[PDB]
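Peer 1: to kick things off, part of the complex as it is:
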Amino acid sequence: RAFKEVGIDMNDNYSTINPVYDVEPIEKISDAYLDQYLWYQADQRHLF
Amino acid sequence: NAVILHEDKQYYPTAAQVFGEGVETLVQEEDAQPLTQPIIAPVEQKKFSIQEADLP
Amino acid sequence: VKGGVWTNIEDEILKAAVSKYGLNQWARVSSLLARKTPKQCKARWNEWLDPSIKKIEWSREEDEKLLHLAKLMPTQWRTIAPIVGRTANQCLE
Amino acid sequence: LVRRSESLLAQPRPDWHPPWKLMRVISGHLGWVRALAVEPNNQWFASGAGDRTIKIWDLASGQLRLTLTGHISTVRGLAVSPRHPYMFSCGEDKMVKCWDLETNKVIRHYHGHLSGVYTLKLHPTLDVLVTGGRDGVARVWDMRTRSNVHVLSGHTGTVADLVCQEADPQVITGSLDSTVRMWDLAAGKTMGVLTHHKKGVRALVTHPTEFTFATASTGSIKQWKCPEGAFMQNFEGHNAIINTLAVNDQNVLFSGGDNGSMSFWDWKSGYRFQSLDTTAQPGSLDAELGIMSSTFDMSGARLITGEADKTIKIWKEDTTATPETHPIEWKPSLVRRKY
Amino acid sequence: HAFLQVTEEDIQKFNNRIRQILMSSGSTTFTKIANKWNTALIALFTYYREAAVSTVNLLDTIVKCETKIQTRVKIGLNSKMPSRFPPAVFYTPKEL
């Protein structure tokens, strides 16, 4: 429940800029597994 | 007891609250003239005909 | 290996490099060390090695503060920890 | 011991002047207003600020007629010519520009200042402009040929002020080295040096009808008599860095203090008939309270001040004031007054 | 009948994409700049198809951006002579 610092940078499209977040790779692996699992289970259960 | 959002928060009083009731406060951020209109108008001739000054 | 458990020698070299360099220069501090990244040195400073961290047994009033703040802010430990006065991991533990 | 005068006529009794009150505050400038110039027909005035624009404002309405760009640093000087349709700007970018008011365009450059330029005066009868800056030099320029016809050297600090008058001493340069120099314009030589001020001389002014002038540094204003520079009197009680000074045709000295302070003095007697403190535009810091430039209009009825909260303040004298409502609190004190 | 066009914000998006291509780190090598142009042009046309062919401003933007890419290639050779760079210099496949 406590995580590392997330780096913040700006990506420039020359009309707007947007935040880009840099997450620790081990937490990125956990988040990617959670993201895929959540999307698949919400597709199975007709959430959207 | 009302809710003040972040985007309509006032951190400072108004101009009338600071300067008083007898002070006229102006916020001027656009010009009344174009840049092509002179501040001092040049003395303009506007000759529309050819006329001899002295009698020939 | 980049990472690993922190030793006392690494901790003291981290403190000495913080003394000589400051807190806004972590690449030099990591360059004194060998197995730790600038981010890992910064995390070690911000979570353990800062001596503005209260490192003794908690007082009771700290415990009611922690329990009330964990009641009003579920799982926002990075928000609870400045108000209690400890770190996020200390408050969570 | 040097003898004094015991006649009790050495102290003039002050004339009554009404107090001054705030009338207007004009926003729109995005920098500290440091220049101000009323045109000779009293219709519009010219403000130069730290946002490197020069704004032309109608004097009666306070309504923004025009904005002129072309400087790249803070505008420090401004002068509307009474004999030519020209305006004269100087800046912190070493540039001295001559604007043709019939085209609203810069038509001349007066190049040669090695640093930022702080002052700029038009000679009342001759076709000459005078600049001073951080290089310790008063440049005297011919208008027509843009030629630097005099280099007035001798100051060891930033030349912060300067006045041009029609008689000798034709140039008066106050500097941050605490000295005031009186210059003959024909030769380019120092007629005199005044070293009475202890700190950097930031303000100068000349009287419209008397052949006297005034200098001002922090905590001290001194009135002097031309052409010999004899010390006339002290204006005392304004304990602040004094940036400006404005005497009226009705004998009013206006000292504006960098901490936001104001003093209105009677010119002949040295009596302070008003002591104010300006107020900051909302959003400003306490440190942004400061009168940075000031002038009177040609009528003398309005005081225009440009202030470090980026504002323009107009001040009128109080029409509902009488000598009974605001009595003069001056008495002929009998003090040695250690000089 | 739904008449389709490409919005002005997206024409400006493509223009900004070409400007970002021209400001990139490897934008001085001719093959790299050509590959980046090819990727951007393929993305634009394969997304916007028949709506793209019916927008005059988008076609003008494509012409100007292709001219800018070729001008970058020419500036890399210290010339801008049109006879010095025939269409065979740019549009010949990478195999030849």
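Peer 2: Great, that's in hand. Residues are numbered from 1 along each chain as shown, chains lettered A, B, ... in the order given.

Peer 1: residue nearest the centroid of chain A?
Peer 2: residue A:31 (6.8 Å; C-alpha atoms, centre = their mean).

Peer 1: to clarify, my last question referred to chain E.
Peer 2: Central residue of chain E (C-alpha atoms, centre = their mean): residue E:66, at 3.6 Å.

Peer 1: picking that back up, can you give me the separation between the closest residue to the residue nearest to the centre of chain A other than its chain neighbours and residue A:5?
Peer 2: Of all residues not flanking residue A:31 in the chain, residue A:23 sits nearest, at 6.9 Å (C-beta to C-beta, 6 or more residues apart in numbering or on different chains). The way it works is simple: take the backbone N, C-alpha and C, and place the C-beta from them, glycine included. Per C-beta to C-beta, to the nearest Å, residue A:23 is found 10 Å from residue A:5.

Peer 1: same question, residue E:8
Peer 2: The gap separating residue E:8 from residue A:5 is 40 Å, by C-beta to C-beta.

Peer 1: how about the residues of chain B by chain C?
Peer 2: Residues of chain B lying close to chain C (C-beta under 8 Å from any C-beta of the partner chain): none.

Peer 1: three-state assignment of the residue in chain B positioned nearest to chain E?
Peer 2: Chain B approaches chain E most closely through residue B:7 (24.1 Å), counting by C-beta to the nearest C-beta. Following DSSP: H, G, I helix; E, B strand; the rest coil, we place residue B:7 in the helix state.

Peer 1: number of nearby residues for it?
Peer 2: Other residues near residue B:7 come to 5 when the count uses other C-beta atoms under 10 Å in any protein chain shown.

Peer 1: for residue E:6, same thing?
Peer 2: By other C-beta under 10 Å, the residues close to residue E:6 number 22.

Peer 1: excluding chain neighbours, what is closest to residue E:8?
Peer 2: Of all residues not flanking residue E:8 in the chain, residue E:57 sits nearest, at 6.9 Å (C-beta to C-beta, 6+ apart).

Peer 1: chain F follows; place it on the structure:
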Amino acid sequence: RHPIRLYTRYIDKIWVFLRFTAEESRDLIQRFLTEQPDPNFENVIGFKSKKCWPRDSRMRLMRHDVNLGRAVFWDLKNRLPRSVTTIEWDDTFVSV
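Peer 2: One more piece, chain F, placed on the ones above:
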């Protein structure tokens, strides 16, 4: 049974298609005009119509259509608590 015929949310942009009978449209415009009165019609300035389409295509902008579009915007803006989110007229295009 309901005026809202079509609805789509693409992440954070919404498109809503409404169909109004004349009574429903009159009631909505009446409620909008009695909530935010405007007796001199400053509503033509600020309303949206695409300049990219030709002269004939951008056909007319009368009283009823502009007030109906602003009424739809006002009614849909009244359903969103502004502490959560809202919809701004600058980020909005309405066609009638």
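
Peer 1: could you re-examine the neighbour count of residue B:7 with chain F now present?
Peer 2: 7.

Peer 1: now do the same contact list for the residue nearest to the centre of chain E.
Peer 2: E:37, E:41 (C-beta atoms under 8 Å, 6 or more residues apart in numbering or on different chains).

Peer 1: does it count as helix, strand or coil?
Peer 2: helix.

Peer 1: how close does it get to residue E:72?
Peer 2: 11 Å.

Peer 1: one more: residue C:92?
Peer 2: In this view, residue C:92 and residue E:72 are 55 Å apart by C-beta to C-beta.

Peer 1: and for residue C:16?
Peer 2: 51 Å.

Peer 1: got it, and residue F:39?
Peer 2: Distance, residue F:39 to residue E:72, using C-beta to C-beta: 59 Å.

Peer 1: which one of these two has more residues nearby?
Peer 2: residue E:72 (17 against 6).

Peer 1: hang on, isn't that one packed against residue E:22?
Peer 2: Yes - assessed by C-beta atoms under 8 Å, residue E:72 is found in contact with residue E:22 at 6.0 Å.

Peer 1: which residues do the two both contact?
Peer 2: residue E:33.

Peer 1: quick check: the residue nearest to the centre of chain A is in a strand.
Peer 2: No - counting by three-state DSSP, residue A:31 is not found in a strand; it is helix.

Peer 1: spell out which parts of chain A neighbour chain E.
Peer 2: Within chain A, the positions near chain E by C-beta under 8 Å from any C-beta are A:13, A:14, A:15.

Peer 1: run a quick neighbour tally on the last one.
Peer 2: Applying the criterion other C-beta under 10 Å, we find 10 residues in the vicinity of residue A:15.

Peer 1: which non-adjacent residue is nearest it?
Peer 2: Using C-beta to C-beta, 6+ apart, the nearest residue to residue A:15 is residue E:16, at 5.8 Å.

Peer 1: throw chain G on there as well:
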Amino acid sequence: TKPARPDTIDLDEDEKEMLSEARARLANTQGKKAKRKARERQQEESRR
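Peer 2: Okay, chain G now, added to the rest:
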């Protein structure tokens, strides 16, 4: 977040070289130009 690891009587060579490099870098003050100027002043005095 864990407190520390206690030392050993027999230190490994990595702690020795890390401590030596920390001592060497903890006392460096000058740049290349100041060091070059000091060396050139010494060489100039020797030549004179």
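
Peer 1: repeat for the nearest residue to residue E:8, accounting for chain G.
Peer 2: Of all residues beyond its chain neighbours, the one nearest residue E:8 is residue F:52 (6.5 Å), with distances taken as C-beta to C-beta, 6+ apart.

Peer 1: residue contacts, that neighbour?
Peer 2: Per C-beta under 8 Å, 6+ apart, neighbours of residue F:52: E:5, E:7, E:8.

Peer 1: show me those that map onto helices.
Peer 2: Using DSSP state H, the members of the contacts of residue F:52 that fall in helices are residue E:8.

Peer 1: could the contacts of residue F:52 go into JSON lines alongside distance to residue A:41 and neighbour count?
Peer 2: Formatted as JSON lines, the contacts of residue F:52 follow (distance: C-beta to C-beta, whole Å; neighbours: other C-beta atoms under 10 Å in any protein chain shown):
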{"residue": "E:5", "distance to residue A:41": "40", "neighbour count": "18"}
{"residue": "E:7", "distance to residue A:41": "36", "neighbour count": "14"}
{"residue": "E:8", "distance to residue A:41": "41", "neighbour count": "14"}
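
Peer 1: I'd like to know how many residues surround the nearest residue to residue D:189 once chain neighbours are set aside.
Peer 2: Closest residue to residue D:189 apart from its sequence neighbours, by C-beta to C-beta, 6+ apart: residue D:183 at 7.2 Å. Counted with other C-beta under 10 Å, the neighbours of residue D:183 add up to 24.

Peer 1: helix, strand or coil for residue D:183?
Peer 2: Classification of residue D:183 by three-state DSSP places it in strand.

Peer 1: beta partners of it?
Peer 2: Taking DSSP bridges, one obtains residue D:171, residue D:190 as the residues bridged to residue D:183.

Peer 1: just checking, it touches residue D:174?
Peer 2: No - checked against C-beta under 8 Å, the pair residue D:183 and residue D:174 is beyond contact range at 11.7 Å.

Peer 1: element containing residue D:315?
Peer 2: Secondary structure assigned from DSSP states H and E places residue D:315 in strand D:311-317.
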